[PDB]
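Given next, in structure tokens, is a single chain: the form deposited in one PDB entry.
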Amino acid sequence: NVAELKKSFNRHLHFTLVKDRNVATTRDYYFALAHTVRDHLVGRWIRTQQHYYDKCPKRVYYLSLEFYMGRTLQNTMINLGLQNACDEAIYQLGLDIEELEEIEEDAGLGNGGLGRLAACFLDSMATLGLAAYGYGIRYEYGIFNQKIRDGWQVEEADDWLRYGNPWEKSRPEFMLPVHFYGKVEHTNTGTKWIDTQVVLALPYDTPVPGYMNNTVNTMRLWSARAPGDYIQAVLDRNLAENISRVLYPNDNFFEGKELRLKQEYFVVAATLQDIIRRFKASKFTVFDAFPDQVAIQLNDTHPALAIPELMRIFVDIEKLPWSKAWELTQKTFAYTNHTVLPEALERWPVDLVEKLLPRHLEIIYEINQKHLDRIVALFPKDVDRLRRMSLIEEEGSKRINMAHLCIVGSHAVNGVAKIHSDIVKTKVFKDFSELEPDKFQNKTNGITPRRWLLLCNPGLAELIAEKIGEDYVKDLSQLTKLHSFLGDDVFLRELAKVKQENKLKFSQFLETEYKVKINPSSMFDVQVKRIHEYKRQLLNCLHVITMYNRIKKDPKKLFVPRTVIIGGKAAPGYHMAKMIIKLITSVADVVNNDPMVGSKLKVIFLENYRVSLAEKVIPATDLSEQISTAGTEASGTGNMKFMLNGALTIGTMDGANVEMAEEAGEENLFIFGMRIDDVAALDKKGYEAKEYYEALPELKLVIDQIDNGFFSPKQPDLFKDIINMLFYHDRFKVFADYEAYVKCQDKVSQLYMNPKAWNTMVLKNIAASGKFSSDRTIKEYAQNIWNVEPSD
């Protein structure tokens, strides 16, 4: 009750923060409330873990280098059914819970979709009652804080643990040693990796509360600690601890740095030991049942080294015969592929691996040897097949194809969207899937309806609950029941009203953050995600300029006002992406300050886009931009978040976009541009950018405007690199989709002119978004890959 929550809060403020109400700070209150909320998890956390030991169900281990978790407080309050009461207690204490909630640092230990999927999964798995564990690195610094200086992205260290994290519990008794470098000996008592360097792995446990269900699972993040001149030797301890120091800020791009390889082995070695530990300590030659008790999901190839590591443990330590160890290994691992771009592919140079992980390279060679021995046996005269299927790339400086390793060391390989999984199976890994068709499957991504609905959009969640009950929260497929209210004008009005309140709250945020007067009744056109060429924020920028020009040539023409928001972080070393940011801020400066356009159109670059900000901007969106070149977005997930929160989608037939269309009906989505096939034919025929440039007046003007310095007077050639790429090196064919895009955009504004018809489509969307719950995704994984059963 309220009375007791206030007692607890005041107790923590007193004993935990050691503060008086007259000298407490907002951070003091936030921490007090956080502890008060955490205390309500303890019982179920301890109980849940105990229960797994007692009933010994098969455990699922999600191994990933990233966990884009965002904030915890509110998510915990909601999942525990404590939000309303905490809200009231904090209120009665003369405080604003929303003010306390903003003090919390995001746990941005991720780059984007890949890291956010793990976070959503952790939520679903706990909600479905699975004995699941999240394993990753406790980066001292997550994804950098993006600031905008003179229109350019600037990075600042994300010191998220500076003031402490009340949601974690260090478990020193489970500390483990990790080995790096050294050499290998093949003694008569088994082979031995000796003269290695050791780095301790200290685990920190974070509670993962299921939604209203008695389950609180665990997320275990490891921290690196260290085991001439004295002072210097002490300072040098920083080198070992530098391993879990900061997250590599790359999204869909492989950067073969040695430190990154260390991070990868670090988490893979600490996790496997811990897993083997817990197994050999369970109630249960003993390892014969390992695969029936353990399931390790490989989040992309980053934790690929987990395969040769398990084998290493099985053979070098447990002394099992290779045959057995290898059989158990394949049964233990499952690999998820989320890559398409060739630059995202992880190909480690054998020289680097040999120097850091000598024993693992040997194991990888062995796996490869036995692997190709099989192909040769099956396809004798196929010599190319061998080099095409080898885990080693001999071409020039030899490199290890981590994906091939994952495919051979796993009993299941999956894509993240029908379209994606199909290309992965039939195209990218045809040689492999041909041998074992059954191994390759699909698992369309999903998002958690808790954080992405109940939490970020209470108004909508409430509206829906009032009309169909709260069952939808644990079974989102229940949203189809909203189809009964299609002809309900009072409901459509309520729906729109909810969206209006969202836009207003967010508009305030914008006005206070940026010096710009937002038009509360304008259509909110939002494209938020990591800045990437394949994502085409550039394409969007051409439409904004294209829109601006139209306003000048006819400032009196009836126009649907718009507030175009574009946000996203750029990898620090991604030049183009950083150039595209400058362009947007540049175009924004002109548009936003032209007295001619005035309140007809406003452009904002949403700074520091992250999970907590996404929860703010998504619920306030009218139009969601998902315009990646066909075949480039494996699936996407932000797309699903917009659809669930009442936004219409303008996008290509790419990733999950295709499935959202299947569910809601293509006509209820603004699909445009060329499809995967058209992109192939254009590739064959060849891509001549200038053609569209000369063929389309609207475009040409936009381009020349960009090229001539219209958006950068003091630096006319500022966007030279962009213009050059656009014309001679655009793999994502921006101009090839410009016409269809702008045409599509016009149709959007048209429908926006008919409120009743717009909210009708919106409803058709929300009502058909159930499929995209990460609860459905996890059920399919558990059923067809992990072989585990859910409980309640």
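Under this definition, the rigid core comprises the largest set of C-alpha atoms superposing within 1.5 Å between the forms. A residue's number is simply how far along the shown sequence it sits, counting from 1.
Is residue 134 a gap in at least one third of the other compared entries? Residue status for residue 134: no gap in any other entry.
Can you check if residue 228 is missing its coordinates in at least one third of the other PDB entries compared, counting only those that model the residues either side of it? Yes: coordinates for residue 228 absent from at least a third of the compared entries.
In terms of residues present in the deposited sequence but not modelled, what lies between residue 284 and residue 285: none, 1 to 3, 4 to 9, or 10 or more? Missing in between: 4 to 9 residues.
Residues of the deposited sequence left unbuilt between residue 191 and residue 190: Missing residues, residue 190 to residue 191: none.
Which of the two stretches, 289-297 or 82-90, shows the higher mean Cα temperature factor in the record? Here the higher of the two C-alpha B-factor means belongs to 289-297.
Averaging only over Cα atoms, indicate whether 177-185 or 425-433 has the higher B-factor in the PDB entry. It is 425-433 that shows the higher mean C-alpha B-factor.
From the list 344, 103, 161, 259, select the residue with the highest C-alpha B factor recorded in the entry. By C-alpha B-factor in the record, 344 ranks first.
From the list 499, 675, 474, 641, select the residue with the highest C-alpha B factor recorded in the entry. Highest C-alpha B-factor among the listed options: 675.
Select lowest, middle or highest to describe the third in which the CA B-factor of residue 372 falls within its chain in this entry. Top third by C-alpha B-factor.
Can you tell me whether residue 445 has a C-alpha B-factor in the lowest, middle or highest third compared with the other modelled residues of the same chain? Lowest third - that is where residue 445 ends up once the chain's C-alpha B-factors are sorted.
Sorting the chain's modelled residues by C-alpha B-factor, tell me whether residue 685 ends up in the lowest, middle or highest third. Within its chain, residue 685 is a highest-third residue by C-alpha B-factor, going by the deposited values.
Record-listed C-alpha B factor of residue 451: chain third: Ranked within chain, residue 451 CA B lands in the lowest tercile.
What third of its chain's C-alpha B-factors does residue 773 belong to: lowest, middle or highest? CA B-factor rank for residue 773: lowest third.
Just so it is clear, the following notes concern the form deposited in another entry, a form of the same protein that is not shown.
Only one of 221, 340, 78, 482 shifts by 2 Å or more at CA between the shown form and the other one when the core is aligned; which is it? None of the others reach 2 Å, which leaves 340.
Note yes or no: does the Cα of residue 253 move by 2 Å or more between the shown form and the other one after the core is superposed? Yes, because once the rigid core is superposed, the C-alpha of residue 253 moves 2 Å or more between the shown form and the other one.
So, does residue 157 move by 2 Å or more at the CA between the shown form and the other one, with the core held fixed? For residue 157, whose C-alpha is compared between the shown form and the other one after core superposition, the shift is less than 2 Å.
Core superposed first: is there a CA shift of 2 Å or greater at residue 279 between the shown form and the other one? Where the cores coincide, residue 279 shows only a C-alpha shift between the shown form and the other one that is less than 2 Å.
Distance change of 3 Å or more between the C-alpha atoms of residue 581 and residue 250 in that other deposited form: closer or farther compared with this structure? Distance between the C-alphas of residue 581 and residue 250: longer in that other deposited form, by 3 Å or more.
Knowing the shift is 3 Å or more, I'd like to know if the C-alpha atoms of residue 342 and residue 440 are closer or farther apart in that other deposited form than in the shown chain. Residue 342 and residue 440 sit closer together in that other deposited form.
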